[PDB]
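For reference, the chains in residue letters:
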Amino acid sequence: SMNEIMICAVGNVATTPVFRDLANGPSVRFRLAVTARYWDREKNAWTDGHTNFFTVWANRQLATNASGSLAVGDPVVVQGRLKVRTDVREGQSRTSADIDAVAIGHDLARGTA
Amino acid sequence: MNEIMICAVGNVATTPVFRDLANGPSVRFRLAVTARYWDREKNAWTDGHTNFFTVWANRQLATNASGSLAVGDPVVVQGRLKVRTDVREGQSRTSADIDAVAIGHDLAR
Amino acid sequence: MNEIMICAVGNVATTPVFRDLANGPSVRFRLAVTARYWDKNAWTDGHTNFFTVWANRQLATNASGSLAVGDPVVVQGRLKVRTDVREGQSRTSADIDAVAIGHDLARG
Amino acid sequence: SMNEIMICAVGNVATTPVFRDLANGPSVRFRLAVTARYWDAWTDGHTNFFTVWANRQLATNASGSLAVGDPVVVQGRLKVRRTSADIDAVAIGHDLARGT
């Protein structure tokens, strides 16, 4: 394969993951919230910037393992292929971002193992 | 900081638009990044999904891009990915944007 | 600012070394990232990239307590190529200053 | 193909590109200097050096287009290796963001 766009996204599980057994095998999907932060001089702390939302998809053993491990609020690191999609929702054409995950882990920077 | 960086190799898909804003020069263009896969039952590369991005540049990058980029040009773009749902200009309120740090004509193609 | 970000999926290759400094906790460990290619009718190992991974603050504390040799991990951080010339003889090594580390749910 | 480490490096050509006649075909290599900068105006931090390799049309084009000092964007596969950090380049371009 060529010219896939890889992404690594560090964020929080934003929806309860959904597991489905398909003919092609196990599948899991969840929403991931990735919030950029910037250092404020006027407040002397980190302040939230833009939040990117992604729909994260996993398959095979990653799906099976994720289905037992991930819950809303969990800080995670996700690596995978970015897919920018256009679809109709509430009768409007809208662009959205999917990550076809290759690796997912609970982020040790923001929680214990 | 938790910005999502992206490096995208694709083609300029729309004629770039240059705008002089109060904040300085700005350029935007659409970038088409098409994945390809090797076909065994045929010979060559076959096209998969195309990711479309709106690429934004400012300052010197905008000034230089405005004189250099045209539809069809193969380019390499590095920048910050912004998946947007509150766009207040143009005809769509959603976008997948790249706020470009670096852009170059791709010498591979 | 021109930092080079990297995301590496590999295995912990050395026991992490944890140091409690006055400036805060620090940890380092070696990470092995092995490329694989299809076909023997399976995956075969290609080149292994070795990195020294560094972390600080809560990430150092948490990684120290949870990582052991062999563990599959995903690491995101800043790549630093360290080049040390002595007597015209140059020793290069690749460091990752980690922002995020997790046990990889794909392989465990 | 699995678990290759991609990277995108934005830096300056540090050595004149040179030709290598490999068994896999004609190739070009050059040294790339990637210097992080931090705001105080900008001050230089650590410089990462890579050996960048290209083949086929990318090599031919790079050989005719690149010179020492040129700001460039390089995308490719990182190979940490006599030791070195190599990038097997997929895309190289002159960076429109910068001046020599």
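Residues numbered from 1 in each chain as written, not as in the entry; some residues may be left out. Chains lettered and ligands numbered in written order. Heavy atoms only, no water. Residues with missing side-chain atoms left out of burial classes, pairs and counts.

Method of determination, as annotated in the archive: X-ray crystallography, at 1.70 Å resolution.

## Focus: the pattern of salt bridges
Spelled out, the test is: Here, a salt bridge means any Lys or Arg side-chain nitrogen found within 4 Å of an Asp or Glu carboxyl oxygen. A helix here means a DSSP run of H or I that spans at least four residues, while a strand means a run of E at least two residues long, and both kinds are numbered starting from the N terminus. Note on classification: 1.4 Å probe, protein chains only; a residue is buried when its accessible area is under 20% of the maximum for its type, exposed when over 50%, partly exposed between these limits.
Summed over the entire model, instances satisfying the criterion amount to 15 salt bridges over all chains. In this structure, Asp 95 of chain C and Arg 82 of chain C form a salt bridge, with 2.4 Å as the shortest nitrogen-oxygen distance. In this pair, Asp 95 of chain C sits in strand β6 (residues 89-103) while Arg 82 of chain C sits in strand β5 (residues 72-86), placing the two residues 13 residues apart along the sequence. Classification of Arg 82 of chain C by relative accessible area gives partly exposed; the value is 30%. The salt bridge partner of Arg 81 of chain D is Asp 86 of chain D, with a shortest N-O separation of 2.4 Å. Its relative accessible area of 45% is what places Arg 81 of chain D among the partly exposed residues. Relative accessible area serves as the criterion here: at 5%, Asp 86 of chain D is assigned to the buried category. Here the residues in one salt-bridge network are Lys 82, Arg 84, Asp 97 and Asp 99 of chain B, joined through shared partners.

## Concerning the packing of aromatic side chains
Defined as follows: Two rings from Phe, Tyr or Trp (for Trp, the six-membered ring) form a pair when their centres are within 6.5 Å of each other. A pair whose planes differ by under 30 degrees is stacked, one over 60 is edge-to-face, and the rest are tilted.
For the structure shown, the criterion picks out 3 aromatic pairs over all chains. Each ring, one from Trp 39 of chain A and one from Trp 46 of chain A, has its centre 5.4 Å from the other, and the planes form 80°; the classification is edge-to-face. Plain terms: the ring middles of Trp 38 of chain C and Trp 43 of chain C are 5.4 Å apart, the flat faces sit at 80° to each other, and that makes the pair edge-to-face. The partly exposed category is assigned to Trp 43 of chain C, whose relative accessible area is 41%.

## Details of the interface of chain B and chain A
Here is the rule: Residues are treated as being in contact if the distance between any of their heavy atoms lies within 4.5 Å. Two parts placed together each lose some accessible area; with a 1.4 Å probe, that loss summed over both constitutes the buried area. Pairs of N or O atoms are called polar contacts if they sit within 3.5 Å, as long as, within protein, a hydrogen donor faces a hydrogen acceptor (for residues adjacent in sequence, only side-chain-to-side-chain pairs). Note that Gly is not counted as nonpolar here; it falls among the polar residues with everything else outside the nonpolar set of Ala, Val, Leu, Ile, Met, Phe, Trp, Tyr, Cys and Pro and the charged set of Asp, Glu, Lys and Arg.
Contacts between the two partners involve 26 residues from chain B, matched on the other side by 28 residues from chain A. Taken over both partners, the interface formed by chain B and chain A buries close to 2300 Å², and the fraction arising from carbon and sulfur atoms is 55%. Considering only the surface of chain B that becomes buried against chain A, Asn 2, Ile 4 and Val 83 of chain B emerge as the three largest contributors, covering 26% of it. The interface formed by chain B and chain A contains 0 salt bridges. At the boundary of chain B with chain A, the tally comes to 9 residue pairs in polar contact. Contributions of two or more residues to the side of chain B that touches chain A are made by β1 (5-12), β3 (24-38), β4 (45-58), β5 (74-84) and β6 (95-105) of chain B. Classifying every residue of the side of chain B that touches chain A gives 14 nonpolar, 7 polar and 5 charged.

## Digging into the interface of chain C and chain D
The interface of chain C with chain D comprises 27 residues on the first partner and 24 residues on the second. Elements supplying a minimum of two residues to the side of chain C that touches chain D: β1 (5-12), β3 (24-38), β4 (43-56), β5 and β6 of chain C. Per-element tally for the side of chain C that touches chain D: the top contributor is β4 of chain C, with 6 residues. For the side of chain C that touches chain D, the per-class residue count stands at 15 nonpolar, 7 polar and 5 charged.

## Re the arrangement of the chains
Looking across the 5 pairs of chains in contact, one finds the most contacts between chains A and B. Between chain A and chain D there is no contact; the minimum C-alpha to C-alpha separation amounts to 8 Å.

## Thoughts on the pairing of strand β2 (residues 18-22) of chain D
All names here are of chain D. For clarity, the threshold we go by: Two strands are counted as paired when DSSP detects at least two bridges linking them.
For β2 and strand β3 (residues 25-39), the ladder comprises 5 bridges, and the chain directions are antiparallel. Paired with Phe 19 across the strands is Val 28, a residue of β3. Here β2 folds back onto β3, and the loop between the two strands holds 2 residues.

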